[PDB]
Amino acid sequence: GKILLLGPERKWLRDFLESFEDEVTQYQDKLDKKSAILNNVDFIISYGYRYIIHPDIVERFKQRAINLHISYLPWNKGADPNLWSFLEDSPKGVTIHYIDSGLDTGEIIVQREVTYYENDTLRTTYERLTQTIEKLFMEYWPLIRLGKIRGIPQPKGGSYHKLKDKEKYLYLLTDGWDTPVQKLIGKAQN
C-alpha cells in the first residue's frame, strides 16, 4: 500500500510504517483537493498537520484516514489541547480517531488517559502525551492497516478551541512551556 503522512517528517515513524513494506510519502503544507500527491494513496495518517483537510479529501478517504490527536476526545478538540486540559481542568490523554468532516470529531479507535504529577510543566506533560500516543499508534497500526478494526462514534460534547482562544491566558505562561501546570489548573473557569 501507499501511505500519506500529513505533518512533519519523523524518522521513527517513517521507519515504522516502511517496516510493513508499505510505500510512504510525507507532506506538511496545504493540500489542494486535486493534488497529484493523493494519486494512488491508500491511507492517510495525520499527526501534527497544521491545516484542515479538505472535505472532498475526507470523504474520498472515508475509513482510510486517521488522526493522532493528543487529547482525550471529545475534550479539547482543536488547538493547544494540553494547555486547555489544565486551563479547563479536563480529562487528559490521547486519541487515535478516524478523520471525518469537521475538526477532530471522527470515530474513536482507541484512547488512553495520561496522568500528570507534582511539579509537571507544560513541557513534561506534552512530552508524556507524545510518548503515549506514539506507542499506542505502534500497538494498533498493525490492526488499523488491515482494516481489522472499527471505531465507535465520538460522543458530542467535550470541548473545542481555536489557536487564538489562548491569547488572554498567555501572561500566565511566564516560563513558556516550562511553566508548571499547577499554576494553570482551572484558570479559564469562573
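The first residue of the shown sequence is 1; numbering continues from there.
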- Query: Looking at the entry, does 63-71 or 47-55 show the higher mean C-alpha B-factor?
  - Reply: 47-55
- Message: Please compare 146-154 with 118-126 and name the stretch with the higher mean C-alpha B-factor in the deposited structure.
- Response: 146-154
- Query: Out of 79, 103, 94, 109, which residue has the highest Cα temperature factor in the PDB record?
  - Reply: 103
- Taking the entry's C-alpha B-factors for this chain, is residue 42 in the lowest, middle or highest third? highest
- By its CA B factor, does residue 31 count among the lowest, middle or highest third of the modelled residues in the chain? highest
- Tell me, lowest, middle or highest third: where does the Cα B factor of residue 6 rank within its chain? lowest
- Query: Sorting the chain's CA B-factors, does residue 164 end up in the lowest, middle or highest third?
  - Reply: highest
